[PDB]
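Asks: my sequence and its experimental structure, below.
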Amino acid sequence: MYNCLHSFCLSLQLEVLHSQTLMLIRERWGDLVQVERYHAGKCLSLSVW
Amino acid sequence: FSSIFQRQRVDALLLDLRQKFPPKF
């Protein structure tokens, strides 16, 4: 039970963070941050400066 | 006499949960 609901919640958190980065790139930042890698449920990697 | 349209991503995550954790009767 812990494995199933912990894995789902953590990948949900990663999906929320990816959606937030797409909001920041579209609205206010824009090429000051870029998504390098995104594997859904596995990893997210952003590039600044 | 709704659906907030961020549910595509949640649904793909549900399918990944189905695969990563299968149901067991």
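Replies: That came through, no problem. Numbers count the residues shown, from 1 in each chain, chains lettered A, B, ... in the order given.
Asks: what parts of chain A come near chain B?
Replies: A:3, A:4, A:7, A:8, A:11, A:12, A:15, A:19, A:40, A:41 (CB under 8 Å from any CB of the partner chain). Quick note: C-beta positions are derived from backbone N, CA and C, even for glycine.
Asks: quick one: which of these is nearest residue B:11?
Replies: residue A:15 (11.1 Å; CB to CB).
Asks: tell me how far the closest one lies from residue B:7.
Replies: 11 Å (CB to CB, to the nearest Å).
Asks: try residue A:23
Replies: 17 Å.
Asks: for residue A:37, same thing?
Replies: 24 Å.
Asks: backbone phi and psi for residue A:37, please?
Replies: Recorded main-chain torsions at residue A:37 are phi -130, psi 150, according to degrees, to the nearest 10.
Asks: what about residue 24, neighbour count?
Replies: The chain I'm using is chain A. For residue A:24, the neighbour count with other CB atoms under 10 Å in any protein chain shown is 14.
Asks: right idea, wrong chain: chain B
Replies: 4.
Asks: and it, helix, strand or coil?
Replies: Three-state assignment for residue B:24 (DSSP: H, G, I helix; E, B strand; the rest coil): coil.
Asks: same question, residue A:45
Replies: strand.
Asks: touching, it and residue A:34? I think so.
Replies: No: using CB atoms under 8 Å, residue A:45 makes no contact with residue A:34, being 9.7 Å away.
Asks: so residue A:36 is in which element?
Replies: Element membership for residue A:36, per DSSP states H and E: strand A:33-39.
Asks: that strand - contacts with which helices or strands?
Replies: On a contact count with 3 or more CB pairs under 8 Å, 6 or more residues apart in numbering or on different chains; DSSP states H and E, strand A:33-39 meets helix A:2-26, strand A:43-48.
Asks: just name the most buried of these.
Replies: helix A:2-26 (a mean of 13; mean count of other CB atoms under 10 Å in any protein chain shown).
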